[PDB]
């Protein structure tokens, strides 16, 4: 009986043949295996289905941005964001090197492109042999290290020979036998491009790939290793059906110009022709503003590199163009109809939260649980997972180490909460009492736990000075070094102008007085906590509850609290809200140091002001609608990192449909709670009853569009 014909067997304890000390780990990749494939065509894939049913499976695995082979395949083995590991796209360009990059190019084998540290390099430093086969980055030597067994990429090599090649390596002597293995197949990406996600060719391809895995599993059984190997069946991205009618050509707005170069696809980027002479000299801001809102329902959007949604993490690299394009699903962008390969072919590269961009992940073996279905996770988390499977100390990556502990029978690494680096001090009443020049028209422990029911945010800033200001409706962590609130937490239940009051607990700043704000300047103040809480709550009008805010952003901020926040309180039976300013001027996704903060502090209206680049907001509720936010058994989080812009060009307000464009901005700039943690230097939910590993799972979560 073949392996696929046998039923499930619990591998609680690894059954390894002699000469084996611990079960090896094989990483099997199927390029272009969209997550929807297994959902729908499970009955046509008997081998893959058994691996799903006897292992740990996830409906959707979220890939990196853009959704391309090389960036994702390399992010898997490095656990790094594409903006950090160097491989931004299949085709890209580095200004500092004056060289282009391509799959079919001599520059591909250049070690100057590959940054970070792949797993086989990690394994080599800790005396662990690795045998790879056609994995991106295996051909090139990184840090002067090459895998003990490698093969330079040759797509003409038949798949069946690749499987046998790995099977032959498994028979090598214990000292010359690798402990880590990789496998790569071009299907069903190839069939996906040429015929589309819904075709007879992909079904034949899925079945072809399915029998090939069955060949591997039968091969493992004949070697007596079917219960002695950790298998990770993964993919790089999904596949979307392209259309000729749904394609964007830049020439229609610019003309047959030759001063600009466009990297075509659903994740388009633009650089000038005179490069690197005018790579920075070219002002992209003008071109971006000239391309925005040209159509009634435009299916593309010009984005300056820092203005992209933070969830994408696609800014802090030299290779990423300062001008990018975000497109609606099923849409691609190009300069001229001649540059593109084809318009009506199967494509990928769209937003990594799109439904069809989702990838496959199945973990099978003695180390993985049997028939366990887990929630979605990013591919950068897999790197740390493999280190635990190979007994390796992981290189510094972007994955929350330990967040995938629920997949394993016996977790190797037990995570802990980050220590508080902030210098926590107290603010008593000391300075009374200045005139604000404002016109106004006519115990403690119980109120603390009510405002921060999951625990106060911990200050990971080192070594920032923060005070805790307690009110009757909210608790705010105030910064003494910046003289503004870092965060404000409050609970809003299911059913419950030009004036301000001086908070005598904080030192007075000239920007706290209402006389500072005129009706002419676009810059004003906003509240972190809405004043319309519970008559009218006056402590929300404290000076310590205001932040510098553009008038254009107040349109979004007021609608967020007056309409959406109240609706969410009814749908989710109350919500706990934590809000605050975000300062990331170097657009690296992490909080700025005091040094760079002083460099970006503008002066306006004769006063020095540090104005926020973004504003974060975390909404927390109960998973059980019968419970209020003060009595949750399990949490329901959703975070947002909203861009603080002087105008609403991104939204195309023109047409004046306010209730529509705001929510579309909210949904677009949704982010992981971890993302907020990384960018604000705060740590949430530390006093929550669930374990650290569970809390990492919660904080690294993002919803899939469509």
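Residue numbers count along the first chain shown, from 1.
- Please count the deposited residues lying between residue 442 and residue 443 that the model leaves without coordinates, and give the class: none, 1 to 3, 4 to 9, or 10 or more. Unresolved stretch here: 10 or more residues.
- Item | Missing residues, deposited sequence, between residue 571 and residue 572 (class: none, 1 to 3, 4 to 9, 10 or more) | None; the chain is continuous from residue 571 to residue 572.
- Which has the higher mean CA temperature factor in the PDB entry, 385-393 or 423-431? Stretch with the higher mean C-alpha B-factor: 423-431.
- Query: Taking only the CA atoms, which stretch has the higher mean B-factor in the record, 361-369 or 297-305?
  - Reply: Comparing averages over the C-alpha atoms only gives 297-305.
- Query: Of the choices 178, 581, 455, 79, which one's C-alpha carries the largest B-factor in the record?
  - Reply: Answer for 178, 581, 455, 79: 178, with the highest C-alpha B-factor.
- Name the residue from 501, 615, 474, 591 with the greatest C-alpha temperature factor listed in the entry. That would be 501.
- Message: Splitting the chain's C-alpha B-factors into thirds, which one does residue 208 fall into?
- Response: It falls in the bottom third of the chain.
- Task: Going by the recorded CA B-factors, say which third of the chain residue 284 sits in, lowest, middle or highest.
- Result: It belongs to the highest third of the chain when residues are ordered by C-alpha B-factor.
- Query: So where's residue 25 on the chain's Cα temperature factor ranking, which third?
  - Reply: Answer is middle: the recorded C-alpha B-factor places it there.
- Tell me, lowest, middle or highest third: where does the Cα B factor of residue 556 rank within its chain? Its C-alpha B-factor, which the entry lists for residue 556, ranks in the middle third among residues of this chain.
- Third of chain Cα B-factors occupied by residue 663: It falls in the middle third of the chain.
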